[PDB]
2 protein chains.
Amino acid sequence: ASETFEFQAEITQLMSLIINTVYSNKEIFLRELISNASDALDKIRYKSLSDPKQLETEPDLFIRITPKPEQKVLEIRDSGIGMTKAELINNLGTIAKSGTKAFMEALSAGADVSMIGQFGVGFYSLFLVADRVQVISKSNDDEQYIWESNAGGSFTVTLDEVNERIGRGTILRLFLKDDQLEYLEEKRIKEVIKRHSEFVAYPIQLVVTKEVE
Amino acid sequence: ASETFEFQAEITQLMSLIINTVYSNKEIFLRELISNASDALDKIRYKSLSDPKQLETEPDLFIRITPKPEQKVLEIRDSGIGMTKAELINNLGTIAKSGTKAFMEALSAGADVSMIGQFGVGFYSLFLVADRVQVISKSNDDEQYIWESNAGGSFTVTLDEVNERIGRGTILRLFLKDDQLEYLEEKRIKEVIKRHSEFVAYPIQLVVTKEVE
Ligand SMILES: COC1=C2C[C@@H](C)C[C@H](OC)[C@H](O)[C@H](C)/C=C(\C)[C@@H](OC(N)=O)[C@@H](OC)/C=C/C=C(/C)C(=O)NC(=C(C)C1=O)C2=O
Ligand SMILES: COC1=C2C[C@@H](C)C[C@H](OC)[C@H](O)[C@H](C)/C=C(\C)[C@@H](OC(N)=O)[C@@H](OC)/C=C/C=C(/C)C(=O)NC(=C(C)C1=O)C2=O
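Its PDB header names X-ray crystallography as the technique used to obtain the model and reports a resolution of 2.71 Å.

Residue and element names in this part refer to chain A. Counted under the stated rule, the structure contains 32 salt bridges over all chains. Two residues, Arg45 and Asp42, come together in a salt bridge whose shortest N-O distance is 3.6 Å. With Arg45 and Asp42 both in helix 2 (residues 28–47) and 3 residues apart, this pair spans about one turn of that helix. Overall, the relative accessible area of 44% leaves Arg45 in the partly exposed class. Classification of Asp42 as partly exposed rests on a relative accessible area of 32%.

This paragraph deals with the site of ligand 1. All names here are of chain A. Neighbouring ligand 1 are 19 residues; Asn36, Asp39, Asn91, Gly120 and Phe123 lie closest to it. The backbone of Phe123 places a nitrogen or oxygen atom 2.9 Å from an oxygen atom of ligand 1. The separation between an oxygen atom of ligand 1 and a polar side-chain atom of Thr170 is 3.4 Å. About the coverage of ligand 1: the protein hides 82% of its 710 Å² of free accessible area. Looking at the shell around ligand 1 element by element, the count peaks at 5 residues for helix 2. Per-class residue counts for the shell around ligand 1 are 9 nonpolar, 5 polar and 5 charged.

Another point: the side chain of A:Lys138. Residue and element names in this part refer to chain A. Inspection of the secondary structure puts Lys138 in strand 4 (residues 130–138). Salt bridges are absent for the buried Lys138, whose nearest opposite-charge side chain, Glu143, sits at 5.5 Å. Of note is the side chain of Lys138, whose polar atom sits 2.9 Å from the backbone oxygen of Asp142. The residues contacting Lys138, other than those within four sequence positions of it, are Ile81, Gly82, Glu143, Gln144, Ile166, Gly167, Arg168 and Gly169.

Let's shift gears to the site of ligand 2. Residue and element names in this part refer to chain B. Neighbouring ligand 2 are 19 residues, the closest being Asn36, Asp39, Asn91, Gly120 and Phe123. Between ligand 2 and the protein, one listed contact pairs an oxygen atom with a side-chain N or O atom of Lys43 at 3.4 Å. Separating a nitrogen atom of ligand 2 from a backbone N or O atom of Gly120 is a distance of 3.1 Å. Within the complex, 82% of the 710 Å² of free accessible area of ligand 2 lies under protein.

Our focus in this paragraph is the packing of aromatic side chains. Evaluated as defined, the whole model comprises 16 aromatic pairs over all chains. Centre to centre, the rings of B:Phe29 and B:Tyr183 are 5.1 Å apart; their planes meet at 75 degrees, and the pair counts as edge-to-face. Note that B:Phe29 is positioned in helix 2 (residues 28–47) and B:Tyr183 in the loop between strand 7 (169–176) and helix 5 (186–196), a separation of 154 residues in sequence. The exposure classification of B:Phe29 matches that of B:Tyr183, with both residues buried. These aromatic residues form a ring-pair network of at least three members: A:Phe5, A:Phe7, A:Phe123, A:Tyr124, A:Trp147 and A:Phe155. The ring of A:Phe175 is capped by A:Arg132, whose NZ or CZ atom sits 4.2 Å from the centre of that ring.

All names here are of chain B. The interhelical angle for the contact between helix 2 and helix 5, taken along N-to-C directions, is 70 degrees, at an axis separation of 9 Å. With respect to helix 5, the axis of helix 2 lies roughly perpendicular. Between helix 2 and helix 5 lies a crossing whose hand is right-handed. Listed contacts from helix 5 to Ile28, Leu30, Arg31 and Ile34 of helix 2 are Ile189, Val192, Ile193 and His196. Among the residues making up the contact of helix 2 with helix 5, the classes are represented as 6 nonpolar, 1 polar and 1 charged.

It is worth spelling out the interface of chain A and chain B at this point. Taken together, the contact pairs 22 residues of chain A with 22 residues of chain B. Among the elements that make up the side of chain A that touches chain B, the one with the highest residue count is strand 8 (residues 204–211) of chain A (8 residues).

Now for the relation of the copies chain A and chain B. Taken as rigid bodies, chain A and chain B are interconverted by a rotation of 180 degrees and an axial shift of 0.0 Å, the fit giving an RMSD of 0.0 Å. Expressed as a symmetry operation, the mapping of one chain copy onto the other fits a two-fold axis. When you check the interface residues of chain A against chain B, 100% turn up at the interface there too, and the contact is symmetric in its surfaces.

Parameters at a glance
Residues numbered from 1 in each chain as written, not as in the entry; some residues may be left out. Chains lettered and ligands numbered in written order. Heavy atoms only, no water. Residues with missing side-chain atoms left out of burial classes, pairs and counts. Salt bridge = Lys/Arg side-chain N within 4 Å of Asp/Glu carboxyl O. Helix = DSSP H or I, 4+ residues; strand = E, 2+ residues; numbered from the N terminus. Buried < 20%, exposed > 50% of the residue type's maximum accessible area, 1.4 Å probe, protein only. Near = heavy atom within 4 Å. Polar contact = N/O pair within 3.5 Å; in protein donor to acceptor, adjacent residues only side chain to side chain. Areas by Shrake-Rupley, 256 points an atom, 1.4 Å probe, with all protein chains shown as cover. Nonpolar A, V, L, I, M, F, W, Y, C, P; charged D, E, K, R; others polar. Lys, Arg positive; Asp, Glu negative; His and termini not counted. Contact = heavy atoms within 4.5 Å. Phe/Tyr/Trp six-rings, centres within 6.5 Å; stacked < 30°, edge-to-face > 60°. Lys NZ or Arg CZ within 6 Å of the ring centre and 35° of its normal. Axes fitted to C-alpha atoms, helices over the stretch in contact; angles between N-to-C directions. Parallel < 35°, antiparallel > 145°, perpendicular 65-115°, else oblique. Left-handed = near helix turned anticlockwise from the far one by under 90°. Least-squares fit on C-alpha atoms.

What follows is the structure, encoded as structure tokens:
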């Protein structure tokens, strides 16, 4: 089933920094994850200009937020390009990232966490509000895989026999911290999107569950 | 992966009858599926009176409707007792049912389809509005399985490596007919529940997806 990999050292260090910070504007994590989703929709949409059959696995291009209050979990879905087993491994931890040290140096010098995205390491901002992540992803070029981290020194990557089938793309499964359940609520989610994600080319769907009156 | 089984002969016959009928009150299929859900919630709730650890796999007791417009699919979820591989096989087709012939005889004599549930064969009413069903189920006593039918002479039962994990219970996955997509819409669903499912002990949740304004 399930392989384990080592985080490059500064990535550990940065995650540890973020997860431990008192910062007062953690809502930016959603700006980042939405903007990553958009970057991945862009990428597949562009790819299919020269290869239209790439869109076939999943014709609709969207971003979808799903609060799961009962599980203390928030999910950000996209029908973007997705990632293969080897891209999860390389790009999410094992290799040194061009901005990690520079950002941490900026941070300790006074910089706002908000700036994370400009150092190209804004995926790690999710730890502002979550102590476990699953990245579940299906690329047109591979089977569906689950990448998991708890901010420790290592992560796991497992063949997905367990979750619904993504036609194509990626789900970010955030297990929220108990002092961050504000991000489970419709009003809150809507506000953060309004404020920080006005200029997004793709529909952003919110999946909401109400008991029938 | 995937075994195939034979429908007992009258069950085929009845399915063929239902799927082919012009009947003007097909909405009753939802009454039936909700009431089955309730029968399965009852059953686990009762079981755990003498065995409280049975509720642990899924503490919440609910029924959940999820329209999937993009897929022409409606899902009815319950956290009831669920079914094992052997119960799917026995109880959903292979063995002769006590009411099948009697109901078909009632039908051709004038009876309203609405009466199906009183012959204890109301599960088959789903074919009024669907030409494919998946029954995905997880019983505390077995792995999660998928039972599939297209109203033909046979059905399949496959180990589930493909759908999200039910802690416990059952999802009815209806693939609706093109002239029955009315059941994908919030207003419609709500109306049918109001009319036919007033007296239900369990919360009925409706999962709705709206694009953010
Ligand atoms: C230029 O692409 C980006 C990179 C470089 C690569 C990891 C890009 C990645 O390699 C397989 C892919 O092209 C996809 C599109 C990655 C994402 C943008 C994100 O995945 C999502 N959300 O589906 C996203 O993963 C959930 C990417 C995470 C990568 C990191 C660490 C991130 O913070 N910054 C990057 C962003 C925001 C990028 O847009 C980045 O490295
Ligand atoms: C008395 O239980 C019932 C039976 C007899 C058995 C199949 C019961 C079944 O055996 C494994 C289970 O006790 C569960 C609780 C079955 C359901 C009620 C239904 O499953 C759902 N919705 O989770 C439901 O399956 C999705 C049961 C389908 C069974 C048939 C054919 C049905 O139309 N009628 C029955 C109903 C409505 C029952 O309530 C029935 O046979």
